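Here is how names work: the chains are called A, B, and so on, in the same order as the sequence lines, proteins then strands, and each is numbered from 1.
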Amino acid sequence: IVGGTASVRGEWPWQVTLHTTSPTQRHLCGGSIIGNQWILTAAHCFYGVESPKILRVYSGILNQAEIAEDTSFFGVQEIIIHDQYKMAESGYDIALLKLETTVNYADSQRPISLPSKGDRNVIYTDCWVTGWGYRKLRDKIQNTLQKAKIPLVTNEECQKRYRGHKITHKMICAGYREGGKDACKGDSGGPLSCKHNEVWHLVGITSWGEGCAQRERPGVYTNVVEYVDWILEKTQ
Amino acid sequence: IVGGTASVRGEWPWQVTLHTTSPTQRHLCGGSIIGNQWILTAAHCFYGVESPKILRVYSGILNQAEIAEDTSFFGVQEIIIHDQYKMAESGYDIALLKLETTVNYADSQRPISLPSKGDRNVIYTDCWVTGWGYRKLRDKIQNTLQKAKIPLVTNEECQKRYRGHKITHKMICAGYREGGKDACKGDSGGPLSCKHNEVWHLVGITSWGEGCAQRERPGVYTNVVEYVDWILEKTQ
Amino acid sequence: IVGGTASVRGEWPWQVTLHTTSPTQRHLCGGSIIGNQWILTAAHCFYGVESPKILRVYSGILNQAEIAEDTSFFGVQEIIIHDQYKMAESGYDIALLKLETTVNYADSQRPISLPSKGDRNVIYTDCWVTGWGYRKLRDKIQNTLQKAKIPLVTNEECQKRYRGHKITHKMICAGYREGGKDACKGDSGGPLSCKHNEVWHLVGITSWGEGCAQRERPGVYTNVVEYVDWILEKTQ
Ligand SMILES: COC(=O)Nc1ccc(-c2nc(CNC(=O)CCc3cc(Cl)ccc3N3C=NNN3)[nH]c2Cl)cc1
Ligand SMILES: COC(=O)Nc1ccc(-c2nc(CNC(=O)CCc3cc(Cl)ccc3N3C=NNN3)[nH]c2Cl)cc1
Ligand SMILES: COC(=O)Nc1ccc(-c2nc(CNC(=O)CCc3cc(Cl)ccc3N3C=NNN3)[nH]c2Cl)cc1
């Protein structure tokens with residue numbers, strides 16, 4: 001996260017860190033708890049992942065230093081990628097992880113609500129991006145989960161900033177005209193969380209951008225409300 | 001209907017009683033007129049129904065005692081069940097009956113309007129459940145069509161009351177925290193009718209609940225607005 | 001267009017005239033620029049069109065007399081018709097033309113924005129129908145692009161006027177109770193353009209009606225917001 005600050009332990013209790021054990025164990029990408037056997041994340045995270053067996057999901061984590069050989073985790077029973085995904089920039093960047101066991105909900109780990117089809121015209125004013133990603137384009141994975149408040153921008157606006165891409169209605173964009181705050185490498189698959197009517201909604205999945213936090217380059221996120229049918233179908 | 005009252009003749013002119021003639025003729029479930037050859041009802045009503053030939057649809061009925069051997073009815077040309085239905089509790093509990101002849105609309109029999117996709121955020125405050133079902137869990141089919149006003153509850157609220165089920169965005173729930181008014185056995189397939197802007201909309205199809213009218217157990221209804229594409233496709 | 005007036009050059013810069021070169025060149029129908037290789041139009045326009053090779057798309061046109069042998073045009077690489085279209089009156093009257101080259105946007109030719117799924121409850125009050133069609137049922141193609149302001153009517157209202165048709169939620173209707181202003185022969189495939197919040201949206205595609213501009217016979221238009229998924233899918 002560029003231009004963010006350290007989170008308070010458990011203020012983002014749906015946020016997970018997904019690790020790979022190959023070749024030695026490391027953070028791979030963010031994700032969100034949406035059901036007690038279910039993590040919502042980005043399809044692109046699974047490039048060159050041949051098996052769910054090398055994946056570990058850690059919940060209730062603030063600092064990456066909490067994770068050691070003796071730390072408990074959830075195994076992944078199945079990776080489910082949207083059947084129309086090709087790459088982050090052309091959309092459908094969405095995947096589900098079916099956990100081998102179920103998450104016991106608690107103050108340190110609990111699900112985030114999905115937005116509802118009838119909220120397509122809601123104006124979110126309290127949206128945050130979170131993760132353990134780089135603090136600039138050339139950096140390293142951060143120990144402490146970072147947060148940053150970022151305003152939504154309309155698709156018409158986002159499209160003007162990405163003339164060489166098609167910004168579709170299945171994407172949503174967030175950023176400062178002058179940049180300075182954004183996701184970056186290591187944040188993808190994580191949530192864009194917006195509080196509305198005292199409740200937090202999973203509005204976006206962190207997906208792609210041109211560099212990190214650059215002026216006139218909003219972050220691009222998978223527009224979660226567009227996939228609620230798909231989520232329902234697959235989580236059966 | 002638990003805790004309801006007798007309806008006035010024709011105040012629910014889209015409400016039908018669907019009968020089976022096997023082994024002797026009896027009420028099977030409720031339904032709603034949505035087009036002049038078309039009844040909207042619940043898929044689960046057709047468990048063990050091998051043929052449309054044993055089905056009779058009665059319209060303009062207030063009292064089950066109006067129905068006798070010489071009473072006219074509409075035969076069913078075809079039963080159409082949603083192809084993803086398995087059982088009431090996992091959703092898609094929706095079916096269409098194509099009538100052999102067309103209904104002549106009149107004050108005693110006429111169609112109810114379907115809700116529109118752009119009403120997903122409407123707040124219905126005037127909703128009623130109707131049918132000839134039991135007045136409690138252990139009872140019998142009632143002679144006179146009963147009605148009851150029941151408030152909608154949000155899906156988040158409904159979900160808390162049904163911890164062992166998945167209450168999906170394709171369901172909608174209605175009930176009193178303290179219970180006392182609800183559908184019951186014999187009511188299913190019938191409408192949940194809500195009046196908005198001087199017009200009645202078919203918001204729900206009566207589907208399932210844990211017992212009838214129990215405290216903290218709202219009734220669960222198929223969320224009709226979610227199926228308008230499906231209704232359009234099939235009624236061609 | 002019945003009861004309309006001459007347009008100002010370039011006030012409808014997304015409007016195109018689609019011509020056929022067989023047997024001698026003539027106007028065939030209207031269309032709208034929605035992307036720089038993409039025209040949105042009506043499926044029915046392509047009845048008996050065996051090949052894209054005989055199609056020419058002209059942009060930046062006010063008067064049909066601008067079109068001559070030496071006038072530049074865009075060839076069509078591909079005709080894409082909705083796979084569920086059978087005929088205008090049963091709906092799905094929508095088609096895309098993939099142009100052989102890309103349109104250079106300018107003040108005389110530029111794309112119109114598609115409505116968004118979250119605008120299904122917007123109340124459009126500033127809607128216009130445009131084209132080079134007949135000024136009455138028995139007439140000829142007009143030289144100068146005509147315009148007419150026409151109010152939207154609800155589907156319930158439209159349905160009452162077309163008792164022998166099914167007016168679906170994928171259609172939208174516009175007209176005066178007393179008639180007098182409407183599309184007519186030669187206008188189809190063209191836009192119904194509504195200005196909302198200082199922006200123009202492509203709300204309808206001119207599709208069908210009973211005669212032209214008759215009292216109690218609104219024009220019927222393909223309801224574009226219902227096809228945004230389809231447009232996205234096909235324009236890949
Ligand atoms: C010790 O373990 C490790 O080192 N782990 C580790 C794990 C993963 C990665 C990694 N993940 C990605 C995928 N992209 C993202 O995460 C953010 C995409 C993104 C989204 C928005 Cl909204 C805005 C901007 C950007 N954006 C553009 N440029 N950069 N970011 N790339 C790399 Cl590299 C690196 C190191
Ligand atoms: C002489 O002819 C006859 O005797 N006819 C006859 C025909 C049908 C049936 C019959 N129909 C059903 C299916 N369920 C429903 O109708 C209501 C479901 C329901 C929905 C909501 Cl929202 C809330 C609660 C409930 N709920 C839970 N418990 N009970 N009800 N079960 C039986 Cl049994 C019985 C007798
Ligand atoms: C020199 O080149 C030429 O002569 N070119 C040329 C090209 C095309 C046509 C032509 N196109 C059509 C298809 N229908 C429409 O265009 C409008 C449909 C429509 C829509 C609404 Cl909303 C309301 C009313 C109507 N409506 C009903 N009755 N009439 N119109 N029919 C014919 Cl004929 C004629 C001549």
Side-chain angles (χ1 to χ4, degrees), chain A residues 1-5 30 32 42 44 88-94 112 114-117 119-131 133 136-137 146-185 187-197 200-227, chain C residues 34-35 105 110-119 122 196-201 225 228 231-232:
Chain A
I1 299 288
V2 185
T5 56
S32 302
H44 76 250
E89 295 164 89
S90 52
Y92 298 93
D93 195 8
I94 190 151
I112 177 165
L114 299 170
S116 129
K117 273 169 175 171
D119 286 341
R120 280 187 172 121
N121 52 358
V122 170
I123 290 284
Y124 296 96
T125 58
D126 197 18
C127 293
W128 297 70
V129 65
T130 49
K136 65 173 195 193
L137 232 190
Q146 299 284 298
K147 67 180 177 194
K149 183 174 193 193
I150 278 90
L152 298 185
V153 310
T154 61
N155 277 48
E156 165 149 303
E157 173 65 19
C158 199
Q159 183 61 89
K160 276 175 180 149
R161 307 313 169 183
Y162 290 101
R163 292 281 167 72
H165 294 81
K166 185 43 221 250
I167 304 302
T168 76
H169 68 271
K170 292 176 182 295
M171 300 167 184
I172 187 161
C173 302
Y176 294 92
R177 182 187 195 77
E178 74 277 13
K181 294 185 194 183
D182 203 10
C184 200
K185 291 168 174 180
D187 293 317
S188 69
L192 176 70
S193 318
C194 312
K195 199 192 212 175
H196 199 232
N197 293 344
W200 289 100
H201 301 75
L202 184 49
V203 168
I205 300 172
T206 296
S207 170
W208 64 279
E210 188 54 64
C212 302
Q214 291 193 109
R215 74 179 264 283
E216 288 167 14
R217 294 297 196 165
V220 186
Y221 299 79
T222 299
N223 190 16
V224 172
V225 65
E226 285 294 302
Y227 293 95
Chain C
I34 62 160
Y105 295 156
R110 62 83 155 175
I112 177 165
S113 285
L114 299 170
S116 129
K117 273 169 175 171
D119 286 341
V122 170
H196 199 232
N197 293 344
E198 306 303 333
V199 174
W200 289 100
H201 301 75
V225 65
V228 301
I231 289 164
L232 175 54

Evaluate the salt bridge (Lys or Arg N to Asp or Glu O under 4.0 Å) criterion for residues A:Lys160 and A:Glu216: first the C-alpha distance (whole Å), next the side-chain angles of each, then the deciding distance (0.1 Å), finally the verdict. CA-CA 9 Å; A:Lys160 276 175 180 149; A:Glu216 288 167 14; over 6 Å; no
Given C:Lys117 and A:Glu226, is the side chain to side chain contact (heavy atoms under 4.5 Å, CB included) satisfied, shown in steps? CA-CA 10 Å; C:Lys117 273 169 175 171; A:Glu226 285 294 302; 3.1 Å; yes
Where do A:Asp187 and A:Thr206 land on the side-chain hydrogen bond (donor to acceptor under 3.5 Å, both in side chains) test, with the steps shown first? CA-CA 7 Å; A:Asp187 293 317; A:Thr206 296; over 6 Å; no
List the steps and the verdict of side chain to side chain contact (heavy atoms under 4.5 Å, CB included) for A:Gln146 and A:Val129. CA-CA 8 Å; A:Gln146 299 284 298; A:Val129 65; over 6 Å; no
Let me see the working for A:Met171 and A:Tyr162 under side chain to side chain contact (heavy atoms under 4.5 Å, CB included), right down to the final yes or no. CA-CA 12 Å; A:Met171 300 167 184; A:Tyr162 290 101; over 6 Å; no
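To the nearest 0.5 Å, atoms OG1 (A:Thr154) and CD (A:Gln159) are separated by 10.5 Å. In this structure, CG on A:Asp119 lies 7.5 Å from NE2 on A:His196, to the nearest 0.5 angstrom. Between atom CG of residue A:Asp93 and atom CD1 of residue A:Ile205 there is a gap of 7.5 Å, rounded to the nearest 0.5 Å. Interatomic distance, SG of A:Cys212 versus CG of A:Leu137, reported as 4.0 Å (0.5 Å rounding). Rounding to the nearest 0.5 angstrom, the gap separating the OG atom in A:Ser90 from the NZ atom in A:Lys170 is 13.0 Å. In this structure, CD1 on A:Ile123 lies 11.0 Å from SG on A:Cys194, to the nearest 0.5 angstrom.
Counting all heavy atoms, side chain and backbone alike, A:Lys149 lies closest to A:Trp128 at N-CE3, 3.4 Å. Across A:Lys147 and A:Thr130, no two heavy atoms sit closer than the pair CB-CG2, 3.9 Å. Smallest separation of non-hydrogen atoms from A:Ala148 and A:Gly4: CB-CA, 4.0 Å. The two residues A:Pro115 and A:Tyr124 make their nearest non-hydrogen contact at CB-OH, 3.9 Å. Between A:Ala183 and A:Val2, the shortest heavy-atom contact is O-CG2, 4.4 Å. In terms of heavy atoms, A:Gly190 sits closest to A:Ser32 at C-OG, 4.5 Å.
Contact check for A:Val153 versus A:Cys173: side-chain heavy atoms found under the 4.5 Å cut-off. Under the 4.5 Å side-chain criterion, counting only non-hydrogen atoms from C-beta, C:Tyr105 is in contact with C:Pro111. No side-chain heavy atom of C:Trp200 sits less than 4.5 Å from a side-chain heavy atom of C:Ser113.
The pair A:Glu210-A:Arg161 does not meet the salt-bridge criterion, since no charged nitrogen lies less than 4.0 angstrom from a carboxylate oxygen.
Judged by distance alone, the side chain of A:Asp182 and the main-chain N or O of A:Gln214 form no donor-acceptor pair under 3.5 Å.
Looking at A:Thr222, A:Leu192, A:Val220 one by one, the single match for side chain to side chain contact (heavy atoms under 4.5 Å, CB included) with A:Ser207 turns out to be A:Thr222. The side chain to side chain contact (heavy atoms under 4.5 Å, CB included) test with A:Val224 singles out one residue from A:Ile112, A:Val203, A:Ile172, A:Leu114, and that residue is A:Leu114.
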